[PDB]
Amino acid sequence: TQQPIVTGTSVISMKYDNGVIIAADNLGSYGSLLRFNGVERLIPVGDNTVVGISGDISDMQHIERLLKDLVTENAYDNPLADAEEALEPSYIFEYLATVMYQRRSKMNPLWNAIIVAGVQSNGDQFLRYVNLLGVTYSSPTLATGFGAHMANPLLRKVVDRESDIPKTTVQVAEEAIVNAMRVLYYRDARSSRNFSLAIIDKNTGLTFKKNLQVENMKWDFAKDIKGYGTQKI
Amino acid sequence: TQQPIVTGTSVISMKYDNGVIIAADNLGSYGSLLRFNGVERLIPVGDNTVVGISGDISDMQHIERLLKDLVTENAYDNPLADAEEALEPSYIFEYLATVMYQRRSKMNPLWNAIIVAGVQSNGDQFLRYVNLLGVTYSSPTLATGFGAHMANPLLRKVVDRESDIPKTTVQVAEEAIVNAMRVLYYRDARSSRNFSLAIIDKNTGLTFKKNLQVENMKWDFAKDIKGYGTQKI
Amino acid sequence: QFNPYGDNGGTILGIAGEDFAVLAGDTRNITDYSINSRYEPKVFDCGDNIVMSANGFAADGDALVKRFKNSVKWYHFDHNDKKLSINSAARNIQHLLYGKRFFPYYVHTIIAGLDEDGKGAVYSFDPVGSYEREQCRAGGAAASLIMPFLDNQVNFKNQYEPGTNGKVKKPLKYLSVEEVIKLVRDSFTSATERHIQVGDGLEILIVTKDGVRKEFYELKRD
Amino acid sequence: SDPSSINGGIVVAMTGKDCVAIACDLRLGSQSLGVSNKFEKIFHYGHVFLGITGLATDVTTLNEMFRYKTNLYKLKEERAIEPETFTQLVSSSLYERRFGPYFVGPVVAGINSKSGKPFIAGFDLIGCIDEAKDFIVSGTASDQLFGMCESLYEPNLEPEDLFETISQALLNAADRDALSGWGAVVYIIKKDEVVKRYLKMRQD
Amino acid sequence: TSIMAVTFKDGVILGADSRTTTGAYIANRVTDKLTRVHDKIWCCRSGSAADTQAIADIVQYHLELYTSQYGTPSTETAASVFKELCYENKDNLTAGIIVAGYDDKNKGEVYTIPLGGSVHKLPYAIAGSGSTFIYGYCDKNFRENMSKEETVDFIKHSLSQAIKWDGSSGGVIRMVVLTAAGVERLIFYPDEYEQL
Amino acid sequence: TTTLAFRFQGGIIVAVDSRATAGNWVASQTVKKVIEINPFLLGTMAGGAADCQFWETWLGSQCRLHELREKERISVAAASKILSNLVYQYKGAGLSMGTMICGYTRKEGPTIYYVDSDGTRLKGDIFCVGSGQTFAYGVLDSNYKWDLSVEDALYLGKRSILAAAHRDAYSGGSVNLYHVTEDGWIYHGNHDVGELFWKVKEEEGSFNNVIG
Amino acid sequence: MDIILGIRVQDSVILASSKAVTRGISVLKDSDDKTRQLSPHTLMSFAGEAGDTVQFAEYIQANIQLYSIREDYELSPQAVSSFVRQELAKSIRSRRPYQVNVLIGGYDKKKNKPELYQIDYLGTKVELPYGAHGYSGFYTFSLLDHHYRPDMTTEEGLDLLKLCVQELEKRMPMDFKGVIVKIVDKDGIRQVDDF
Amino acid sequence: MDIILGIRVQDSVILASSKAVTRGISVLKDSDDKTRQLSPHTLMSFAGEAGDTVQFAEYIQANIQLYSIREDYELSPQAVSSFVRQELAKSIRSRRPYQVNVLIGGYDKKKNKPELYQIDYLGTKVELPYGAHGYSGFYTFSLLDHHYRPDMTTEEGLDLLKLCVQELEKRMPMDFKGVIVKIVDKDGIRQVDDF
Amino acid sequence: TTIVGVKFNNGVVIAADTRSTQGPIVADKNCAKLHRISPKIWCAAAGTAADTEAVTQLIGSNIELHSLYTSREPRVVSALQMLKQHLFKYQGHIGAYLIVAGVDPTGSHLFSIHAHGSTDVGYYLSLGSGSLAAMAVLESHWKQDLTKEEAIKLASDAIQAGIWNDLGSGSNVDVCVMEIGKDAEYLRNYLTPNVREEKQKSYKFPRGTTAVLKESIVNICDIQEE
Ligand SMILES: *C[C@@](C)(O)[C@](*)(O)[C@H](Cc1ccccc1)NC(=O)[C@H](Cc1ccc(OC)cc1)NC(=O)[C@H](C)NC(=O)CN1CCOCC1
Ligand SMILES: *C[C@@](C)(O)[C@](*)(O)[C@H](Cc1ccccc1)NC(=O)[C@H](Cc1ccc(OC)cc1)NC(=O)[C@H](C)NC(=O)CN1CCOCC1
Ligand SMILES: *C[C@@](C)(O)[C@](*)(O)[C@H](Cc1ccccc1)NC(=O)[C@H](Cc1ccc(OC)cc1)NC(=O)[C@H](C)NC(=O)CN1CCOCC1
Ligand SMILES: [Mg+2]
Ligand SMILES: [Mg+2]
Ligand SMILES: [Mg+2]
Ligand SMILES: [Mg+2]
């Protein structure tokens, strides 16, 4: 048992017709202090998987090293490590889910919520969540922290059920993700403007975008709001 | 019942042959934050008394106003208010001690430690302490807070008993007070360099010195101290 | 302080007929007031014509199912591919649950299949491994809403023969698979109306001598 | 310790076609000990019926209080209080004890004598009104009653059908609750007759 | 919250961020924390939103009644009325208030009233959770008798940094300028102040 | 739960109820609270459902191993002591068990041992165990004599559980009845309280507290 | 004050109340009458917290005796029991409640019926053929469910009570030192002296 | 397990041990012998926590009976009591202590003297002319301080015990259901069957 | 609960869901959370249900008396001032969270108020357990210079986000529109997206199924003549 110290907020994600998108801001908070401003919380594994991590950053860095070592170990005595016996999103997820649940069962959790996004060998989209309790679930949209409360409602207006996924393009999905990140910057006190975004497509592969910013923000109506009630000037 | 918020540290004082000296630094701390740097904690009452106050500053400001109103009220219908029926140190003290004990008895203390220094009509030195519990005592030297632990041992080397008071000059006493204030700046984490000092003499009256600084500090030996043990460079 | 348990909601329901059994569960998964998923299956084909659900804290539920599936696999290896009977599964699941008696799996478990005479069987467990065979069981969040309805409509409790004053009970009948699926669908619609953690979808697994079949129905998404 | 489950008990009410029904169990206990088999939880003030579950001392006290208030109402107004008005009076009276509440789950049932409209309402312990068209439930087996009512109920039932439906809702809910049962009473209420029936139920 | 009031040659300026928090949720991102208690006496609010409103409404009432009977109250008088409420109800309130005003006689004045209900007259003051991060910056960059444009810049840069580092501060920067000329309300959006 | 076992002229009577609880929720009305360890040995269950089922089923295995090794049926004394020594190892861990081990051997005669999860082990002629024990004791002790007929003793055991089923909120469902003799145990049926209460009321002229 | 019982038969109410008064490790008294006559045909037994019990009983007694003098008339047992209930219900929301449980046994001369009311410290009232407060009810209610018939005589009622007292003497951990038995019928209240 | 007494007279040790076994609200048994023969001239009575008492007593019994067989010789009461003390002193610093208090009554055949040892669950041992564990000692120690003489006969010792049991039956709140009395002397251990 | 307020060109609109809960159980599927304070001042309620009903009824009563006393139509700022002072006095123990809106001679107004007595002004607001789901929609789709039709759409969309994504909220959408120069229109069950599907079976029992011990006629009437 511990308490999280340096933390990352929401990770948001969704499926679209040919792949998956995942995003997370670049902040490491220290309570209310916005301590570290260049933290990457999307971690690619091969060219078919991105693991998005929220919660304790020291435990995130531990998981980062577990994944890096998993790639090293899968290459051992494996001439098909860059082909049919490459690591899949489902293999990476089950490994992390196993670890998370073992750690909660010894009362020493990894204080994180994790989304594993990717594309399988057969072209299937993979999107699954696991957290510090070892609870796992899958859905067309997934989000951690504040993202669950604010991003999911927006992302579900685009993909409300399994049948909506082939109808959704990468342009529509990315726009919904980028909009959701702005809403989180408006409303989450432990969020930042700067973020990273990754698309794993079955045709174009892994695209990883760094140093995105929330843009086109409405603040202008603020000048008309005065006092809390009766104050006119 | 409350807890003190903005606080003042030690007040130190002693008797000498013809009068009394009292001093206190000019800081209002806010926990570990050294928030306010020009706070006067020596408050003169007439030309024969100085009340030195440590502890909660909001309660100090309340006491300041009680004393100011006491002077106003003593002048009412009193043609001898600037002479035989002027307020004495003993009158001011008993008033404060009465209030402090009443307030502790209602479980709503004034969160302070107070030293009333002065000279009576007959030339007698007055020096007495009272705190949030209504505990009162007198001694040739008196100090609050850290001052009790570090100032008193130094001041008692000069005036160790009643018989040492006529042997002690204002020059010797002021030097001891000024030295004690330096020691407190060295060693008390909630102290400041800037302080005020007041002398109430039976011949020369009230002298009130503002904007004193701790000076002639030994820091030079610091350059020779390296590591915590075995580290040579 | 770290709390190793959570509550993922949902509800499950097992009913046994003469030559079949059903195990139904909603497909909603929740924590607090959020929906995690509208379709996360909770009822599983475990092999040897046995279906299983472990409803409550989903991590414990998934661990338990995973271990029982593995138990079935090793039963085959160690006893010459012999079929694990439903009574034998039940006893095995008791030992899995009671193994964690002092750090329990936070779930209510139901298994369904056919007994060794081909008759429908529902077995039902508490979190630490006490069990009973029944015609009838609901587990999970809306169990308190659903069980009394099942007592009334499956075992005909408090129903008497009209005009017998009140001295001849309604006699017990097995129900057809069509009649059971009606009670299941109504049970879940009723629970969805009144329980916030129940909704989204209903997945029913039906077990006969010919194997395991699935049916799915939409439930209200609010 | 928890005052809403020391004594046990349940009340349910349902609307049908030009009729209402209200039913309760008869148990009064001290936790595991059943004490009385005759503790009715349904009262009437003229043609307005009130069921009360929860702490039995407050059930009794509130009955006496509403008898008092409706007696005075009738003397001053020169007519019997109607269910919509009595519902507001229950709410007012519960909310005036907001920070030292009566530990009760009241249920109002009756037919407006002018408009003929069937009426039921439920409340929380501090007076929030739940005015429902179908049914109202209250007590230690409220979860169980909600489940029975939500599946068994259909609109516009005739008095003698509604009787079967409400009785089966009560009986089967009570049997899954340790602190409810030990007998039951069902009032069937039409505009100008009220039949009261004691049910045979399991005595454990 | 991040709030400050700064005296300068022609008067005093008050500044504030616009974020209201409910835990980690931002209940209001365009809050107005600068509130008028008299024509040229304003205050910055930090701590409990309910407590500081209740206090500010009472002070506004006291000063309107002062005005009817005795004419225009001084800034010191306004601060005294805030203090009385904060000090006497210290057990039940969480209010950190900065009071700022302009007289023709006294020019611009700033009084800060922290948690315990003490009063402190200062050339400038900072308060709220975000103020911790700018004590160093503000001490190094404040001078007396700055121009209006200098003071606007000092506050803009100061609250910029408070907002950058404090998660409980954000949104727009609002300012109120108090001089003989009158009352000027300013606003500064993130796209201006972030890139400083 | 209410369970009872008593010794009389014609052997041992064992009677239990069939209710399971989860607080005030009635988990079941049809639970088996007697284990038939062997044809001459019975175990009764009260307390934690899982604790009772698991450890008394385990007890049966240990009794079976005794007769394989020693070519002889285990004594009631020895069987009860396996269970009591077991629960004593777990003492303080939070096991909840109240059990009666009832049986016949040649060397002992008809014998009843009370065993509970705090490690108490007692030989005796009469025991009632569980949340409803006092209700059962009231009826049982009032009408008990050494020399009841087998028919009257069966009825008293049945009547005593019914008494508890009625008054105790945490007992009910049905009455499972056993008779243990020289020749082993004999089942005397499951008796649903739904019908048994009203039958007994009418025939006996008792339960005048009830609206009937 | 541990055991108080009441049983109502054809034409009388019988109250049985234990004699022990115990503080900590010592039985201070073995002849305590846990009862007050409220009116000539109404008797109240009581049990609960030390001090509270007698103070409450005597307070009620004073009030009923006052009513009697003012109206030259005896309140019905139903009326006395409602008054007592209201006092306990008022008490439960006070700064310090009376922690007192009572049985009220009365003969109503107007209806020519015996009546027994069981009231707990919360103001929970019930009329019963038989009643008990505290742990005694865990043994006695089931006993009487079996052996009680509504048309019993006073002497049959006393034997039925002997059966109750025997069971409590067998199974209860505390030595309650026997009971004082009193009968309320049409001729008033009398104490059975040998039990 | 509440009351255990011991008194040592001229030529014997008498142990008296209550018969009740009580869990919560019910007396489960009224004929319980709270004693084990450790050797032919040594008897141990015991009281304390449910389960712990019998387990401890039987464990000690097993060990003394083992010593007897190995050496074909009976340990002196002093030796048995020291062994028991060490076991309790070892126990008190364990993960879960035995919560058991004991009296050991023995006749030492080598010295031709009776001996009575009182040992509590901490391993606190004392040899005494008379002893008691639990609340009984609050009444009995003062009784025996008055009435005990060192040169009493066995029958005088039994009357002195009747006086103790009478006082406990008068003043203690719990019904302990009488006592089983056993005498340890030069001819071994025997039970007085009528008390 | 999900409640929202949206300002538009000539007025303000408020909306609410219709679910009330008791623990995880739905107590009422069609409550009215839109409370009338005065004819043109309405508020949406979240929090402790009885407290919201009592607080709006009390302030509505006192607003009516104030309106009669002054011969003026009531202002939203008066409703707000009375609500804030009442709620502040009870230190959060009266758990009412309200979106207060209306039109009066001064114009159109939109406020929120919390249980502890803090108030806010806005062009768009949301409260209750579904306020985050609703605020996500409002932050994505709100613009200045909204028409009446656009504002009703936005408000009901924001409630729907609450209905679908928040377990605390469900059933139906209620709206009230307060436009300058016009009567306030209260749109009870404006949307009804959660009608229960047809049941598979009727559970109507055969008459006589339930065993009865006794019957009797209950006397409800007064004491009779002759
Ligand atoms: C740094 C910040 C943003 O917190 C600053 O101090 C704000 C000042 C402000 C906000 C709005 C209008 C005017 C001035 N304060 C807040 O945003 C406060 C933070 C706060 C909450 C509670 C306490 O309690 C001692 C102190 C500070 N936010 C609120 O007051 C919000 C509206 N209300 C709540 O969070 C509900 N509280 C929670 C704690 O218990 C009391 C009720
Ligand atoms: C009177 C009664 C009903 O309690 C009687 O003793 C039952 C005997 C019995 C015997 C065999 C099978 C089923 C029932 N016992 C129960 O119904 C128990 C009561 C009980 C609950 C909890 C504890 O906790 C120490 C002791 C006794 N009921 C259960 O065991 C229920 C079905 N299950 C649980 O309460 C689950 N919890 C999980 C956590 O660990 C404790 C058991
Ligand atoms: C989404 C939701 C359900 O929370 C929304 O806020 C509802 C608003 C509402 C407004 C007017 C009429 C009806 C409903 N609120 C409720 O349904 C509340 C939720 C609630 C429960 C408990 C607490 O406890 C602090 C706060 C809010 N439900 C109730 O108030 C119900 C009817 N009553 C109770 O749960 C019993 N109360 C709870 C509060 O303490 C007194 C007893
Ligand atoms: Mg639902
Ligand atoms: Mg029941
Ligand atoms: Mg029962
Ligand atoms: Mg910020």
# chains A, B, ... in the order shown; residues from 1 in each chain; ligands from 1
$ select_by_dssp --residues "region 20-96 of chain I" --states "strand (DSSP E)" --output "ChimeraX atom specification"
/I:20-22,25-28,34-38,41-47,96
$ write_last_selection --atoms "N, CA, C and O atoms" --output "compact mmCIF listing (two decimals), in the first residue's frame"
# COMPACT_ATOMS: atom_id res chain seq x y z
N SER I 20 -35.01 9.95 -9.80
CA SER I 20 -34.59 10.10 -8.41
C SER I 20 -34.13 8.73 -7.92
O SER I 20 -34.72 7.71 -8.29
N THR I 21 -33.09 8.72 -7.09
CA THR I 21 -32.50 7.48 -6.60
C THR I 21 -32.45 7.41 -5.09
O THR I 21 -32.34 8.43 -4.41
N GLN I 22 -32.54 6.18 -4.58
CA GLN I 22 -32.36 5.88 -3.17
C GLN I 22 -31.34 4.75 -3.12
O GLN I 22 -31.67 3.58 -3.36
N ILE I 25 -31.03 2.10 -6.12
CA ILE I 25 -32.40 1.85 -6.59
C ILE I 25 -33.02 3.13 -7.12
O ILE I 25 -32.84 4.20 -6.54
N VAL I 26 -33.78 3.01 -8.21
CA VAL I 26 -34.54 4.13 -8.76
C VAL I 26 -35.87 4.22 -8.01
O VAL I 26 -36.75 3.38 -8.20
N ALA I 27 -36.00 5.23 -7.16
CA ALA I 27 -37.24 5.47 -6.40
C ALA I 27 -38.38 5.98 -7.29
O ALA I 27 -39.51 5.52 -7.17
N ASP I 28 -38.07 6.93 -8.17
CA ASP I 28 -39.05 7.53 -9.08
C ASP I 28 -38.43 7.70 -10.46
O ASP I 28 -37.32 8.22 -10.58
N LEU I 34 -37.87 20.60 -12.21
CA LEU I 34 -38.04 22.01 -12.58
C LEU I 34 -39.08 22.64 -11.66
O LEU I 34 -40.27 22.32 -11.75
N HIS I 35 -38.61 23.49 -10.74
CA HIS I 35 -39.45 24.07 -9.68
C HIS I 35 -39.74 25.51 -10.03
O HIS I 35 -38.85 26.26 -10.40
N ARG I 36 -41.01 25.87 -9.92
CA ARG I 36 -41.44 27.23 -10.15
C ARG I 36 -41.28 28.01 -8.85
O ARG I 36 -41.81 27.61 -7.81
N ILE I 37 -40.52 29.10 -8.91
CA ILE I 37 -40.38 30.03 -7.79
C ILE I 37 -41.46 31.11 -7.89
O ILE I 37 -42.16 31.40 -6.93
N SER I 38 -41.56 31.69 -9.08
CA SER I 38 -42.61 32.63 -9.45
C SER I 38 -42.98 32.31 -10.90
O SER I 38 -42.34 31.45 -11.50
N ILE I 41 -39.77 32.86 -12.93
CA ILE I 41 -38.52 32.45 -12.30
C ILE I 41 -38.66 30.98 -11.95
O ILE I 41 -39.49 30.61 -11.13
N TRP I 42 -37.85 30.16 -12.60
CA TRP I 42 -37.86 28.72 -12.41
C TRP I 42 -36.45 28.27 -12.08
O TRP I 42 -35.48 28.92 -12.47
N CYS I 43 -36.34 27.16 -11.37
CA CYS I 43 -35.03 26.57 -11.16
C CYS I 43 -35.03 25.06 -11.25
O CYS I 43 -36.02 24.39 -10.95
N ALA I 44 -33.89 24.55 -11.70
CA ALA I 44 -33.66 23.12 -11.83
C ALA I 44 -32.94 22.69 -10.57
O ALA I 44 -32.08 23.41 -10.07
N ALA I 45 -33.31 21.52 -10.05
CA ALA I 45 -32.83 21.07 -8.75
C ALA I 45 -32.05 19.77 -8.79
O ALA I 45 -32.43 18.81 -9.46
N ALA I 46 -30.95 19.76 -8.03
CA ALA I 46 -30.13 18.58 -7.81
C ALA I 46 -29.79 18.53 -6.33
O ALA I 46 -29.85 19.56 -5.64
N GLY I 47 -29.42 17.35 -5.84
CA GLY I 47 -29.04 17.17 -4.44
C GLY I 47 -30.11 16.41 -3.69
O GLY I 47 -30.84 15.61 -4.27
N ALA I 96 -29.21 21.46 -1.25
CA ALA I 96 -29.83 21.89 -2.50
C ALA I 96 -28.77 22.50 -3.41
O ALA I 96 -28.03 23.39 -3.00
$ interface_residues --of "chain H" --to "chain F" --cutoff "9 Å" --atoms "only C-alpha atoms" --output "PyMOL selection string"
chain H and resi 25-26+28-29+32+49-55+96
$ write_last_selection --atoms "N, CA and C atoms" --output "mmCIF file, in the first residue's frame"
data_model
loop_
_atom_site.group_PDB
_atom_site.id
_atom_site.type_symbol
_atom_site.label_atom_id
_atom_site.label_comp_id
_atom_site.auth_asym_id
_atom_site.auth_seq_id
_atom_site.Cartn_x
_atom_site.Cartn_y
_atom_site.Cartn_z
ATOM 1 N N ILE H 25 -26.160 -16.279 25.880
ATOM 2 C CA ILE H 25 -27.456 -16.209 26.552
ATOM 3 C C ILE H 25 -27.922 -17.582 27.097
ATOM 4 N N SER H 26 -27.160 -18.651 26.831
ATOM 5 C CA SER H 26 -27.564 -20.025 27.177
ATOM 6 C C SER H 26 -26.543 -20.790 28.024
ATOM 7 N N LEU H 28 -25.194 -24.106 28.347
ATOM 8 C CA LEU H 28 -25.134 -25.283 27.479
ATOM 9 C C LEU H 28 -25.010 -26.586 28.257
ATOM 10 N N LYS H 29 -24.408 -26.520 29.445
ATOM 11 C CA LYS H 29 -24.146 -27.705 30.256
ATOM 12 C C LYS H 29 -24.084 -27.362 31.739
ATOM 13 N N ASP H 32 -20.257 -30.062 34.050
ATOM 14 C CA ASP H 32 -18.924 -30.023 33.471
ATOM 15 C C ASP H 32 -17.867 -30.153 34.564
ATOM 16 N N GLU H 49 -10.468 -18.924 28.975
ATOM 17 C CA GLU H 49 -11.161 -18.803 27.695
ATOM 18 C C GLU H 49 -11.594 -20.157 27.134
ATOM 19 N N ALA H 50 -12.805 -20.177 26.578
ATOM 20 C CA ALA H 50 -13.361 -21.325 25.862
ATOM 21 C C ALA H 50 -12.346 -21.950 24.902
ATOM 22 N N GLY H 51 -12.229 -23.277 24.926
ATOM 23 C CA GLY H 51 -11.296 -23.998 24.055
ATOM 24 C C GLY H 51 -9.886 -24.100 24.616
ATOM 25 N N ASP H 52 -9.274 -22.945 24.891
ATOM 26 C CA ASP H 52 -7.941 -22.861 25.514
ATOM 27 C C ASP H 52 -7.773 -23.708 26.775
ATOM 28 N N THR H 53 -8.817 -23.769 27.599
ATOM 29 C CA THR H 53 -8.746 -24.410 28.914
ATOM 30 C C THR H 53 -8.494 -25.909 28.818
ATOM 31 N N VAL H 54 -9.361 -26.597 28.081
ATOM 32 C CA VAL H 54 -9.282 -28.051 27.924
ATOM 33 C C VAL H 54 -8.026 -28.440 27.137
ATOM 34 N N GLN H 55 -7.739 -27.704 26.063
ATOM 35 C CA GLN H 55 -6.537 -27.936 25.246
ATOM 36 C C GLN H 55 -5.252 -27.854 26.064
ATOM 37 N N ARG H 96 -0.237 -16.319 20.103
ATOM 38 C CA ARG H 96 -1.525 -16.433 20.797
ATOM 39 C C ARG H 96 -1.370 -17.194 22.124
#
$ closest_residue --among "C:36, C:208, C:176, C:153" --to "chain D" --atoms "only C-alpha atoms"
C:153
$ interface_residues --of "chain B" --to "chain E" --cutoff "10 Å" --atoms "only C-alpha atoms" --output "MDAnalysis selection string"
chainID B and resid 1:7 30 33 35:36 38:39 56:62
$ write_last_selection --atoms "N, CA and C atoms" --output "short mmCIF file (atom, residue, chain, number, x, y, z; two decimals), in the first residue's frame"
data_model
loop_
_atom_site.label_atom_id
_atom_site.label_comp_id
_atom_site.auth_asym_id
_atom_site.auth_seq_id
_atom_site.Cartn_x
_atom_site.Cartn_y
_atom_site.Cartn_z
N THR B 1 -11.80 27.26 21.21
CA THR B 1 -10.57 26.56 20.74
C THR B 1 -10.30 26.91 19.29
N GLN B 2 -9.07 27.31 19.01
CA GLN B 2 -8.61 27.53 17.66
C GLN B 2 -7.20 26.97 17.54
N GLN B 3 -6.52 27.39 16.48
CA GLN B 3 -5.10 27.16 16.27
C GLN B 3 -4.54 28.50 15.78
N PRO B 4 -3.30 28.83 16.18
CA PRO B 4 -2.71 30.09 15.73
C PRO B 4 -2.35 30.00 14.25
N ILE B 5 -2.55 31.10 13.52
CA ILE B 5 -2.27 31.14 12.08
C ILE B 5 -1.00 31.95 11.82
N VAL B 6 -1.11 33.28 11.84
CA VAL B 6 0.04 34.16 11.63
C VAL B 6 0.65 34.36 13.01
N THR B 7 1.94 34.05 13.17
CA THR B 7 2.57 34.04 14.49
C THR B 7 3.86 34.84 14.59
N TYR B 30 3.78 32.45 8.82
CA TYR B 30 2.56 31.76 8.40
C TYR B 30 2.96 30.31 8.19
N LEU B 33 6.29 29.62 6.17
CA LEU B 33 6.43 30.82 5.32
C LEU B 33 6.67 32.06 6.18
N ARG B 35 6.00 35.27 6.16
CA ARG B 35 5.02 36.00 5.33
C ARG B 35 5.14 37.53 5.40
N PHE B 36 5.23 38.09 6.62
CA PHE B 36 5.18 39.54 6.84
C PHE B 36 6.41 40.04 7.59
N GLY B 38 7.49 43.36 8.55
CA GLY B 38 7.52 44.65 9.25
C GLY B 38 6.47 44.77 10.34
N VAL B 39 6.40 43.75 11.19
CA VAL B 39 5.38 43.64 12.23
C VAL B 39 5.96 44.10 13.57
N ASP B 56 -0.18 34.27 18.27
CA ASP B 56 -1.09 34.65 17.19
C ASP B 56 -1.19 36.18 17.01
N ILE B 57 -0.92 36.64 15.78
CA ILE B 57 -0.88 38.07 15.44
C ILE B 57 -2.28 38.70 15.39
N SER B 58 -3.31 37.96 14.98
CA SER B 58 -4.68 38.50 14.98
C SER B 58 -5.13 38.81 16.41
N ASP B 59 -4.80 37.91 17.34
CA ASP B 59 -5.07 38.11 18.76
C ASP B 59 -4.18 39.22 19.36
N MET B 60 -2.94 39.35 18.87
CA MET B 60 -2.07 40.48 19.25
C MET B 60 -2.70 41.83 18.88
N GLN B 61 -3.24 41.92 17.67
CA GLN B 61 -3.89 43.14 17.19
C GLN B 61 -5.16 43.47 17.99
N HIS B 62 -5.86 42.44 18.46
CA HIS B 62 -6.99 42.59 19.39
C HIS B 62 -6.54 43.17 20.74
#
$ residues_near_ligand --ligand "ligand 7" --cutoff "6 Å" --atoms "only C-alpha atoms and all ligand atoms" --output "ChimeraX atom specification"
/E:163-164,166-167,169-170
$ residues_near_ligand --ligand "ligand 3" --cutoff "8 Å" --atoms "only C-alpha atoms and all ligand atoms" --output "count of residues only"
38
$ residues_around --residues "residue 50 (chain A)" --least-positions-apart "6" --cutoff "10 Å" --atoms "only C-alpha atoms" --output "list in words"
residues 20, 21, 22, 23, 41, 42, 43, 44, 89, 92, 115, 116, 117, 118, 119, 127, 198, 199, 200, 206 and 208 of chain A
$ residues_around --residues "residue 186 (chain D)" --least-positions-apart "5" --cutoff "8 Å" --atoms "only C-alpha atoms" --output "number ranges by chain"
D: 21-24, 163, 167, 196-199
$ interface_residues --of "chain F" --to "chain I" --cutoff "12 Å" --atoms "only C-alpha atoms" --output "list in words"
residues 198, 210, 211 and 212 of chain F
$ write_last_selection --atoms "N, CA, C and O atoms" --output "tab-separated table (two decimals), in the first residue's frame"
chain	number	residue	atom	x	y	z
F	198	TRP	N	-49.49	-24.46	10.01
F	198	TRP	CA	-50.95	-24.44	10.04
F	198	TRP	C	-51.54	-25.77	10.48
F	198	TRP	O	-52.50	-25.81	11.26
F	210	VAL	N	-51.21	-16.06	16.90
F	210	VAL	CA	-51.38	-15.82	15.46
F	210	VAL	C	-52.85	-15.62	15.07
F	210	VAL	O	-53.75	-16.23	15.66
F	211	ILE	N	-53.07	-14.76	14.07
F	211	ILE	CA	-54.37	-14.60	13.42
F	211	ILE	C	-54.56	-15.79	12.46
F	211	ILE	O	-53.88	-15.86	11.43
F	212	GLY	N	-55.47	-16.69	12.81
F	212	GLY	CA	-55.63	-17.98	12.11
F	212	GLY	C	-57.03	-18.26	11.61
F	212	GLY	O	-57.75	-17.36	11.16
$ residues_around --residues "residue 12 (chain A)" --least-positions-apart "4" --cutoff "10 Å" --atoms "only C-alpha atoms" --output "NGL selection string"
:A and (21-25 or 52-53 or 115 or 141-148 or 151-152 or 155 or 177 or 180-181 or 197)
